[PDB]
Amino acid sequence: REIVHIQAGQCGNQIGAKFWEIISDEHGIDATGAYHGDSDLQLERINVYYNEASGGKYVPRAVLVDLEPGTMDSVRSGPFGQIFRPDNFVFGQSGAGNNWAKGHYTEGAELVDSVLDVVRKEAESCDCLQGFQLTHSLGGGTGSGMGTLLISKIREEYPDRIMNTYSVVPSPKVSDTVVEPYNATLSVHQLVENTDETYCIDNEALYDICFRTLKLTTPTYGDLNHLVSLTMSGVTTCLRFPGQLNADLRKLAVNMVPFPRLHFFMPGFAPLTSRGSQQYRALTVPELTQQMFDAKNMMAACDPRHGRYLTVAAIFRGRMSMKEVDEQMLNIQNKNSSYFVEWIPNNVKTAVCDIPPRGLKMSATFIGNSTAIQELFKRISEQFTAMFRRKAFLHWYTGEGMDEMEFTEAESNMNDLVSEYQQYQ
Amino acid sequence: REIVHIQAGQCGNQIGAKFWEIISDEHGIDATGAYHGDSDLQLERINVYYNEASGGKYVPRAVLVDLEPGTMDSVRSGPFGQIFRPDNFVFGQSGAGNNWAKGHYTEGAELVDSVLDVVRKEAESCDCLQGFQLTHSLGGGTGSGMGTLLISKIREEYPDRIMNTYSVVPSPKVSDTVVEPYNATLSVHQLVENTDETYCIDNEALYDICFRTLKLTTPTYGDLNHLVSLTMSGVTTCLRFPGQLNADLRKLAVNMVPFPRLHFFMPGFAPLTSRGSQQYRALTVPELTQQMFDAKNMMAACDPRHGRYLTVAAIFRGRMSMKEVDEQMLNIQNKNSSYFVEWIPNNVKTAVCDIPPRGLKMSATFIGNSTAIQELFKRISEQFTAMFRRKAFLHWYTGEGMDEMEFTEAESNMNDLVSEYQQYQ
Amino acid sequence: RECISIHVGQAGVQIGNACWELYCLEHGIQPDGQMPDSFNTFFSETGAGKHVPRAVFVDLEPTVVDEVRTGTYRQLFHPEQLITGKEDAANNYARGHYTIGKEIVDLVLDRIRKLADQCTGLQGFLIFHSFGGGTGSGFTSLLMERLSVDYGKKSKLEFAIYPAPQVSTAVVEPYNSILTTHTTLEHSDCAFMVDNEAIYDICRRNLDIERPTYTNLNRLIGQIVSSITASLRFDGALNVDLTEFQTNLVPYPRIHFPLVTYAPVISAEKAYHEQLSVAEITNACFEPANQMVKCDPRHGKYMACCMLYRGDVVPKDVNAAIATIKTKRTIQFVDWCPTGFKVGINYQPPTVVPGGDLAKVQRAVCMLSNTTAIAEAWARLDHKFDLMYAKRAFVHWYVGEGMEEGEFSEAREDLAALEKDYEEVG
Amino acid sequence: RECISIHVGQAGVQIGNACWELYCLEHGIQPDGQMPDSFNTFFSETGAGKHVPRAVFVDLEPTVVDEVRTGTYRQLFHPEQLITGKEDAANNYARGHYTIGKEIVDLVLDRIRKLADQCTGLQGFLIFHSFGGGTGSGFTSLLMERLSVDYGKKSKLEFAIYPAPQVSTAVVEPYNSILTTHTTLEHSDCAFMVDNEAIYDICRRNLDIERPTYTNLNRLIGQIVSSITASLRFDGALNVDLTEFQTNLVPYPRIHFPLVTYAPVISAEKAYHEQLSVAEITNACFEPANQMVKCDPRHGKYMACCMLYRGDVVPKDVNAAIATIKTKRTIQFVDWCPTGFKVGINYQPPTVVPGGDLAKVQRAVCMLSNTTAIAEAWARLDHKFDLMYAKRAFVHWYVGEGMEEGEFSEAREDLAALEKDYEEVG
Ligand SMILES: Nc1nc2c(ncn2[C@@H]2O[C@H](COP(=O)(O)OP(=O)(O)OP(=O)(O)O)[C@@H](O)[C@H]2O)c(=O)[nH]1
Ligand SMILES: Nc1nc2c(ncn2[C@@H]2O[C@H](COP(=O)(O)OP(=O)(O)OP(=O)(O)O)[C@@H](O)[C@H]2O)c(=O)[nH]1
Ligand SMILES: Nc1nc2c(ncn2[C@@H]2O[C@H](COP(=O)(O)OP(=O)(O)O)[C@@H](O)[C@H]2O)c(=O)[nH]1
Ligand SMILES: Nc1nc2c(ncn2[C@@H]2O[C@H](COP(=O)(O)OP(=O)(O)O)[C@@H](O)[C@H]2O)c(=O)[nH]1
Ligand SMILES: [Mg+2]
Ligand SMILES: [Mg+2]
């Protein structure tokens with residue numbers, strides 16, 4: 001059970017750069033592939049992201065993508081940049097210029113062969129794998145254009161496995177590009193069918209968490225990428241360390257995705273405390289659980305209180321007590337009986353791992369599938385209906401041959417998706 | 001069986017700061033949350049005011065509010081300033097300008113959600129609490145404005161549990177603000193119904209106690225708040241230390257309030273002696289008891305000789321003998337049969353604790369419900385009757401939407417209250 | 001918590017200049033602009049070691065602003081903040097409001113919006129001007145009409161100079177000092193009044209110096225301004241705010257003309273013989289020989305007043321000192337004012353300026369009383385203006401500039417009503 | 001990534017002269033071509049310690065190109081890159097396109113192919129010229145007709161100077177500034193418009209220089225061109241490319257006339273007092289008193305603008321500063337454009353040139369807005385040309401050169417249609 005890594009676009013790299021910086025510290029690997037750890041538990045399941053090389057060195061199972069050469073120099077020269085194998089850096093030379101049309105048709109058609117040759121190499125090397133995970137942003141041109149293409153090609157080759165995407169969906173309050181709505185609409189037409197587990201993140205809410213809860217005065221992209229990577233590292237703890245109760249990727253998908261189309265999640269992490277207020281807290285499970293479900297700490301631009309949770313999952317880390325976890329699960333459910341779907345008794349999935357995060361006693365991750373995602377989509381599409389109606393900017397995309405059926409199909413199926421969430425709320 | 005703490009206005013904090021300076025001394029808590037005591041009886045009932053945190057530290061269960069930021073820095077920077085949790089420091093940014101109208105309607109409506117979120121947090125942490133205790137002044141704008149609004153909103157949440165307020169009601173001889181009568185009359189219309197128990201203190205009298213009985217030449221607000229803190233500290237010593245006879249907050253309410261509207265009390269403390277005249281006294285109960293009911297040491301602006309006591313309570317601390325305490329309460333009732341209501345025999349209630357005040361052998365506290373409070377209200381009302389007639393200063397409050405019916409009922413309901421005390425006198 | 005000051009006319013650069021020497025010494029900010037906190041209510045920071053005031057200098061003549069441009073204090077003010085005209089008003093309220101004002105009123109109003117951008121909790125503006133000249137009468141009244149619309153509820157404080165009845169230097173002074181009465185009445189939240197001749201008697205008798213010139217008289221006014229805002233800038237036993245102040249003082253919307261006085265003002269050698277205690281410097285405030293505008297409170301009844309003590313004072317005796325005066329039937333208060341004393345005690349001692357005419361004190365007092373004696377300062381000057389207008393003298397100068405013949409009718413009808421209100425409450 | 005700049009006429013050579021001194025100082029490259037990397041976008045290497053630009057100087061007069069041959073910067077330019085003529089255009093568009101256009105157009109077009117051969121990922125060309133004279137109107141329009149055919153898809157940028165409505169220096173200006181409008185409209189992917197008067201006002205008010213001559217006005221233009229292409233040469237938090245830029249800005253094929261403005265421009269002494277932060281500079285770019293062409297955006301509705309910051313900036317506040325202006329109803333945007341901003345953040349501070357009129361700064365902002373206010377700059381002009389052609393003055397000069405009488409019909413019919421498009425989108 002090991003899983004290969006794909007990461008695309010300019011945005012995907014800084015999200016991808018911090019992941020390999022954090023996870024090397026978790027597993028004891030130095031910046032040059034050496035090992036200096038203490039627990040033998042690090043080496044028990046090391047091959048999940050790493051593969052063995054000569055001389056007692058490990059290099060990651062990373063397949064790195066780009067379409068412009070500028071971002072390559074930064075990642076190569078940065079901290080923990082020499083870990084990657086040089087062949088893995090696959091990048092073009094021209095650029096996308098914030099287009100979905102160029103990212104799928106014109107420039108993605110040529111560079112796609114190079115990456116699929118590498119990902120085919122990573123698949124045969126591993127003995128028995130389960131999934132691929134991809135990190136990208138849903139507002140740009142390369143990440144949306146190339147990311148949607150690879151997902152299509154990968155799915156047809158391996159229909160029997162699980163697939164992961166950790167997307168960033170844009171928000172109007174933090175809007176940055178005049179053509180954002182065209183990018184976000186054209187992509188989601190395919191993630192509705194060609195991925196099994198999808199996580200949505202807003203750059204707007206990341207600013208709320210760093211301002212209010214964490215008391216950060218200068219949120220740079222150094223800090224925002226820190227928050228997301230801790231969520232990715234948390235989902236795959238059961239794959240790498242033992243525990244009283246275990247839950248891997250296939251265990252979550254079956255238990256918490258109720259219907260095939262309803263796979264859009266909301267992250268959430270706890271504890272998140274400031275460096276000055278950390279001396280004024282306890283160390284106990286109750287304080288962790290009450291923080292997960294907080295509408296003020298969830299990691300997207302949605303208030304769950306506008307709807308009712310379908311299913312959730314809470315993943316805990318540290319030496320813990322098994323009553324103190326499940327007993328408090330019912331305290332939330334009965335005391336808050338209004339916010340949970342009535343015809344799904346005991347909506348909560350549970351898991352406990354043993355090895356805690358370094359420097360801490362306890363932590364936890366919340367993955368709650370809610371019906372409040374139905375508001376994220378009309379909020380974006382309303383942006384799009386105000387522009388496409390008057391055919392603004394449309395000539396730039398039409399030069400590559402798309403037809404207005406493509407937009408209507410994009411609009412119709414997104415209405416089809418929005419419809420599916422309302423009745424089952 | 002625990003209590004949470006609420007402090008309002010500039011007056012409340014300077015009162016509130018001294019309370020935590022002395023009560024940390026009883027329980028051995030250092031200025032940094034540590035413990036260095038001797039008696040195990042300190043830790044038996046510690047959790048009534050503190051909640052434990054990680055690393056063997058305690059922080060108080062105080063919810064400290066403000067409406068201007070100027071008074072916030074001093075309490076943070078003073079002695080025992082780091083004791084409080086930073087999140088509990090709640091304050092506005094504009095100010096009240098000695099207005100009840102702004103303190104209730106315009107500015108309090110926005111900070112009400114912030115604090116009520118915190119007091120809800122402190123209510124869930126405790127296992128089984130009984131009351132909230134509030135310190136504020138009845139003359140200012142924020143203290144009367146917000147203190148009324150919190151009491152109204154807090155009550156409807158918990159109609160079953162006990163509530164305490166320790167207000168400071170103004171006096172004419174030390175009058176300090178041109179619009180004082182407007183503040184006091186509009187505030188009292190609530191405490192007649194929305195609070196369970198009320199302690200009245202006259203800022204005029206605390207000077208009389210410091211000149212005459214204790215011989216002070218320079219009473220600063222450091223010393224006056226010292227007198228009041230020893231009263232609030234003393235009422236709840238039964239909750240924190242054992243004794244032959246016990247009396248908690250709920251016990252006093254049933255035994256002292258004869259009728260639901262007659263809950264305006266009158267404090268007193270003994271001994272209070274100068275540092276040069278204290279080697280010339282005995283150490284025995286009789287000297288403590290006479291000083292109790294003495295009309296010269298009572299801590300408000302009334303003479304009890306103008307009426308008859310309904311009921312009292314006397315709380316003794318130290319190793320004492322139970323006959324001596326009761327043999328004397330009959331002596332005063334028999335010797336002074338004129339000053340007590342006739343149709344309630346044996347009006348005096350008793351309690352004895354074991355742990356003495358630090359550095360002393362004995363002390364006592366007097367809480368006596370009298371019919372002489374009826375003069376504190378017409379005296380203040382007489383200030384107001386000469387004001388609203390000619391509509392002076394009225395337009396400043398009327399800008400926020402108050403109506404003359406609000407003043408008329410403010411006059412009528414005070415006449416409703418005054419009539420009740422004279423008939424049962 | 002922000003405050004912005006506006007100086008207009010020559011009288012503004014007169015007074016405004018002395019203040020900003022005083023403010024810099026208070027906060028340890030050298031004329032170069034660096035501090036070798038709490039100063040942010042008046043100053044602005046730029047990067048490192050640079051403070052500049054939050055002020056705008058306005059003038060309609062080039063002469064009296066070129067003095068600050070070259071003097072010792074050239075390095076504080078931003079060059080755009082120092083605004084001059086080309087032709088002064090020539091003692092015309094007619095030219096001030098109508099003809100020459102409209103060609104500069106836009107220029108500064110662009111900067112007030114620029115200066116009001118950095119404010120976060122702005123309370124209001126301080127206006128330094130006089131009723132003597134034409135620039136500070138017409139043009140200044142033009143700002144308050146523009147400022148009031150743009151902000152509404154924000155408080156505006158103006159520090160006026162009223163013309164003396166005998167010791168006066170112009171010929172048509174009543175014409176200006178009547179037509180300003182409209183705009184101050186309906187567009188000023190609190191209006192301070194001071195006369196020029198009364199500053200002399202305080203300087204003659206109490207200060208014991210021979211020849212008071214305009215350098216010294218401004219320094220007395222500078223101290224009053226610093227005292228009121230020392231509550232915004234520092235911390236003490238009991239506090240009073242600018243908005244908290246007007247609630248205690250102004251009883252009706254039409255009555256916002258307080259009188260000011262200060263204590264103690266004393267010479268260097270007479271400072272050694274007296275012991276300066278709280279008890280009597282609160283009695284010096286009600287000396288009618290020390291009141292800063294020539295009125296007799298003996299013919300009026302106090303209906304409010306305010307005390308601001310700064311230094312090392314304690315609340316125990318202040319109540320006693322206030323209680324002492326309340327027993328005097330000489331000092332009269334209205335029947336509906338059972339208490340009329342709002343006190344604010346501040347901990348930071350007042351700072352003495354080199355080259356001044358005051359000696360160091362540990363404590364000082366500022367008194368602001370809203371009395372009905374001031375009725376005589378308008379109804380008795382209204383006779384002067386009425387004496388002029390019988391024969392219609394000088395009117396040809398103002399008529400040709402745009403204002404009509406009846407504009408003076410409102411000027412007296414407004415003032416007749418305002419004196420009438422002080423009768424009804426009295 | 002490669003780019004080549006072409007300079008036409010006296011105006012092109014003057015503007016070009018200022019730029020290539022600016023580019024050298026940015027990369028620390030001596031006038032001799034040695035550097036005591038990333039410069040390859042503009043410069044070419046020759047073995048070791050030799051750097052020569054990708055420039056071509058084009059002219060029909062020897063005198064104004066004989067200056068660069070002898071000046072301090074003679075040793076940078078490869079000698080044959082720099083082309084002169086023998087007879088001028090005599091301020092004729094008629095001689096520019098036809099009679100003298102075809103006698104040199106082939107010579108330079110041969111050199112472009114040599115310069116377009118070292119390029120590997122060519123983006124496009126940079127064209128500097130002016131609409132006033134005959135050389136830069138007829139010959140420049142001849143190159144875009146030749147260049148567009150030969151290359152097709154890759155974009156071309158040109159930086160025009162429009163003739164002023166009031167302060168103009170020639171007599172027959174309207175004739176050429178109407179006939180150029182055809183080839184700019186169908187053969188320029190993004191056309192930058194700059195006026196000569198507005199450069200002066202920025203010099204008078206903001207920059208506080210008594211006498212701006214042509215040395216300074218060109219130095220202002222040089223800073224803009226450096227700022228747009230700093231995205232290619234350096235790296236930062238968020239990157240914007242030239243192809244990335246066109247998509248976000250140009251909304252329809254017929255509307256590619258952005259208006260440029262820059263901030264901060266400030267004098268040496270005025271720099272010490274003001275604090276230059278992100279939140280305040282981005283407001284200055286939207287001032288109608290700082291726009292680089294005399295148009296009032298108050299009568300136009302925006303539909304695009306681009307913000308290009310460089311220096312010490314963080315994206316946390318740039319979000320808030322943009323949102324701040326979104327709340328103002330004074331600045332209006334089209335309804336069908338709910339978001340209308342493109343943001344590019346760069347890490348390298350701008351470099352100040354010695355002998356210039358700018359102070360050293362940590363941050364600088366360049367704004368490119370595609371507003372519809374510009375419709376007046378052409379409709380106002382077309383009245384002048386229409387006034388001329390009623391009586392057919394000066395036409396005898398142009399008729400004899402070959403162009404016919406209806407050539408002005410297309411000259412106005414092209415312009416008539418273009419003003420409708422700014423209406424229909426408006
Ligand atoms: N405190 C103080 N008052 C002054 C000074 N100079 C003039 N005054 C007062 O100003 C009055 C003269 O009218 P101004 O206010 O100066 O008129 P102006 O400011 O010159 O305005 P214009 O009428 O436009 O010229 C005199 O009655 C003086 O009382 C000064 O330097 N200090
Ligand atoms: N920035 C700048 N603009 C100039 C300069 N010289 C002339 N101009 C502008 O150019 C316009 C005149 O047309 P030119 O560009 O000079 O025409 P030309 O370059 O001389 O070409 P010919 O018509 O062949 O002589 C004037 O309106 C000026 O605004 C200069 O040296 N610098
Ligand atoms: N969370 C996060 N988002 C980023 C980061 N860098 C860029 N983005 C977001 O990515 C979005 C657009 O991605 P884009 O630059 O177009 O990716 P590209 O098309 O591959 O170049 C922007 O709206 C940014 O908010 C980062 O470091 N962290
Ligand atoms: N007992 C006591 N009273 C105080 C103290 N400080 C202020 N006060 C009283 O508070 C009253 C004014 O109320 P204030 O604090 O201004 O109300 P606020 O507007 O909420 O701040 C005055 O009449 C004082 O008598 C203190 O330290 N002790
Ligand atoms: Mg003057
Ligand atoms: Mg020429």
# chains A, B, ... in the order shown; residues from 1 in each chain; ligands from 1
>>> residues_around(residues="segment 17-24 of chain C", least_positions_apart="6", cutoff="9 Å", atoms="only C-alpha atoms", output="list in words")
residues 30, 31, 33, 42, 53, 68, 73, 215, 218, 219, 221, 222, 223, 225, 226, 351, 352 and 353 of chain C
>>> residues_near_ligand(ligand="ligand 3", cutoff="8 Å", atoms="only C-alpha atoms and all ligand atoms", output="MDAnalysis selection string")
(chainID A and resid 8:15 66:67 96:99 136:144 168 170 174:177 202:203 206 221:222 224:225 228) or (chainID D and resid 237:239)
>>> interface_residues(of="chain D", to="chain C", cutoff="10 Å", atoms="only C-alpha atoms", output="list in words")
residues 269, 270, 272, 273, 274, 275, 276, 277 and 280 of chain D
>>> write_last_selection(atoms="N, CA, C and O atoms", output="PDB file, in the first residue's frame")
ATOM      1  N   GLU D 269      12.939  66.137  -1.822  1.00  0.00           N
ATOM      2  CA  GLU D 269      12.641  66.631  -0.479  1.00  0.00           C
ATOM      3  C   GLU D 269      11.291  66.131   0.024  1.00  0.00           C
ATOM      4  O   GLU D 269      11.150  65.792   1.203  1.00  0.00           O
ATOM      5  N   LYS D 270      10.289  66.081  -0.851  1.00  0.00           N
ATOM      6  CA  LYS D 270       8.970  65.602  -0.466  1.00  0.00           C
ATOM      7  C   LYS D 270       8.956  64.118  -0.120  1.00  0.00           C
ATOM      8  O   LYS D 270       7.942  63.630   0.388  1.00  0.00           O
ATOM      9  N   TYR D 272      10.876  62.579   2.114  1.00  0.00           N
ATOM     10  CA  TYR D 272      11.182  62.292   3.512  1.00  0.00           C
ATOM     11  C   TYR D 272       9.939  62.336   4.391  1.00  0.00           C
ATOM     12  O   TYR D 272       9.886  61.665   5.427  1.00  0.00           O
ATOM     13  N   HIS D 273       8.938  63.132   4.018  1.00  0.00           N
ATOM     14  CA  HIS D 273       7.793  63.305   4.907  1.00  0.00           C
ATOM     15  C   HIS D 273       6.740  62.218   4.715  1.00  0.00           C
ATOM     16  O   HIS D 273       6.213  61.688   5.699  1.00  0.00           O
ATOM     17  N   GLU D 274       6.418  61.862   3.478  1.00  0.00           N
ATOM     18  CA  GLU D 274       5.331  60.917   3.245  1.00  0.00           C
ATOM     19  C   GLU D 274       5.764  59.472   3.459  1.00  0.00           C
ATOM     20  O   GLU D 274       6.888  59.086   3.128  1.00  0.00           O
ATOM     21  N   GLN D 275       4.857  58.673   4.026  1.00  0.00           N
ATOM     22  CA  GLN D 275       5.035  57.227   4.168  1.00  0.00           C
ATOM     23  C   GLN D 275       4.366  56.540   2.986  1.00  0.00           C
ATOM     24  O   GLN D 275       3.148  56.615   2.813  1.00  0.00           O
ATOM     25  N   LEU D 276       5.171  55.865   2.175  1.00  0.00           N
ATOM     26  CA  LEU D 276       4.691  55.256   0.941  1.00  0.00           C
ATOM     27  C   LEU D 276       4.366  53.790   1.194  1.00  0.00           C
ATOM     28  O   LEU D 276       5.257  52.939   1.212  1.00  0.00           O
ATOM     29  N   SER D 277       3.087  53.486   1.392  1.00  0.00           N
ATOM     30  CA  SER D 277       2.635  52.120   1.615  1.00  0.00           C
ATOM     31  C   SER D 277       1.729  51.670   0.477  1.00  0.00           C
ATOM     32  O   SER D 277       1.278  52.465  -0.349  1.00  0.00           O
ATOM     33  N   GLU D 280      -1.946  53.142   0.067  1.00  0.00           N
ATOM     34  CA  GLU D 280      -2.127  54.538  -0.315  1.00  0.00           C
ATOM     35  C   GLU D 280      -1.703  54.792  -1.759  1.00  0.00           C
ATOM     36  O   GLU D 280      -2.297  55.627  -2.452  1.00  0.00           O
TER      37      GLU D 280
END
>>> atom_distance(atom1="atom CA of residue 256 of chain C", atom2="atom CA of residue 305 of chain C")
12.1 Å
>>> residues_near_ligand(ligand="ligand 2", cutoff="7 Å", atoms="only C-alpha atoms and all ligand atoms", output="ChimeraX atom specification")
/D:9-12,14-15,60,88-92,129-136,163,168-170,196,214,217-218
>>> write_last_selection(atoms="C-alpha atoms", output="mmCIF file, in the first residue's frame")
data_model
loop_
_atom_site.group_PDB
_atom_site.id
_atom_site.type_symbol
_atom_site.label_atom_id
_atom_site.label_comp_id
_atom_site.auth_asym_id
_atom_site.auth_seq_id
_atom_site.Cartn_x
_atom_site.Cartn_y
_atom_site.Cartn_z
ATOM 1 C CA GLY D 9 11.712 58.884 -36.300
ATOM 2 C CA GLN D 10 13.166 61.607 -34.148
ATOM 3 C CA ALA D 11 10.611 60.948 -31.409
ATOM 4 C CA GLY D 12 11.375 57.235 -31.464
ATOM 5 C CA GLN D 14 14.768 60.257 -28.343
ATOM 6 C CA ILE D 15 12.478 57.937 -26.381
ATOM 7 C CA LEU D 60 14.941 59.275 -42.605
ATOM 8 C CA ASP D 88 13.035 63.561 -44.761
ATOM 9 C CA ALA D 89 9.301 62.986 -44.923
ATOM 10 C CA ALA D 90 8.695 66.767 -44.728
ATOM 11 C CA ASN D 91 5.789 66.053 -42.356
ATOM 12 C CA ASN D 92 3.808 64.107 -44.938
ATOM 13 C CA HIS D 129 6.837 56.322 -32.357
ATOM 14 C CA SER D 130 4.598 59.386 -32.468
ATOM 15 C CA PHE D 131 1.506 60.377 -34.443
ATOM 16 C CA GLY D 132 2.637 63.945 -35.129
ATOM 17 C CA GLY D 133 5.246 63.823 -37.860
ATOM 18 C CA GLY D 134 5.425 62.225 -41.264
ATOM 19 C CA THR D 135 8.318 59.841 -40.650
ATOM 20 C CA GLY D 136 6.704 58.070 -37.681
ATOM 21 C CA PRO D 163 -1.266 64.990 -30.636
ATOM 22 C CA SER D 168 0.299 71.388 -30.375
ATOM 23 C CA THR D 169 3.395 72.466 -32.280
ATOM 24 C CA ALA D 170 2.641 71.783 -35.958
ATOM 25 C CA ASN D 196 2.423 65.368 -24.296
ATOM 26 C CA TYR D 214 12.258 66.800 -23.538
ATOM 27 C CA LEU D 217 9.347 63.694 -20.426
ATOM 28 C CA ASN D 218 11.169 60.763 -22.036
#
>>> interface_residues(of="chain A", to="chain B", cutoff="10 Å", atoms="only C-alpha atoms", output="VMD selection string")
chain A and resid 276 to 284 286 to 287
